[PDB]
């Protein structure tokens, strides 16, 4: 069961640094390479660098000179990348990937979101979206004015999922807004409670909004 488990989302400051972690399990860490790959919002993939934890060899990308240093702790089977001299356009999802000569990037971590910004962390407001006069009924939640990404949004603690649309966050000034809709049989609601559950890890915020009819 090969697994690459990466650290959680980050908020980094312009000019500063951030260290990312990638803990390997299910295979022999020192028998494979380990690459970092970056991906900007609505952009493609970019290879940052690779280190071989067994031998300590590092393959470099001159484009990241002074911006990335790769290390590894053989003891804990964990790989690190230190991203430095950060600027706003270094905001991206950063993946680690097991890198083999036989197959390539066969296994990937889940990715670590890194936001580079001087803006302050802001907890979201969560507002219920109760339908108006108008066979199925659609309800929603509006998650407004938070920073940084990400938030998690679920409906009835995950029980409802098949009728759910959660929309990508849009950034306005230094605050994100997100929304989510859930469509259910007109027989279900309101004679059955529907609640959206929002978590914002950056502010340790959790908020529930039970959708009640107008």
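Positions refer to the first chain, counted from 1.
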statement: Between residue 134 and residue 135, the number of deposited residues left without coordinates comes to 4 to 9
statement: Looking only at C-alpha temperature factors in the entry, 199-207 or 186-194, the higher average sits in 186-194
Between the two ranges 63-71 and 154-162, the one averaging a larger CA B factor in the entry: 154-162
Most elevated Cα B-factor in the entry, residues 177, 35, 41, 180: 41
statement: Per the deposited entry, the peak Cα B-factor within the set 91, 77, 122, 125 goes to 77
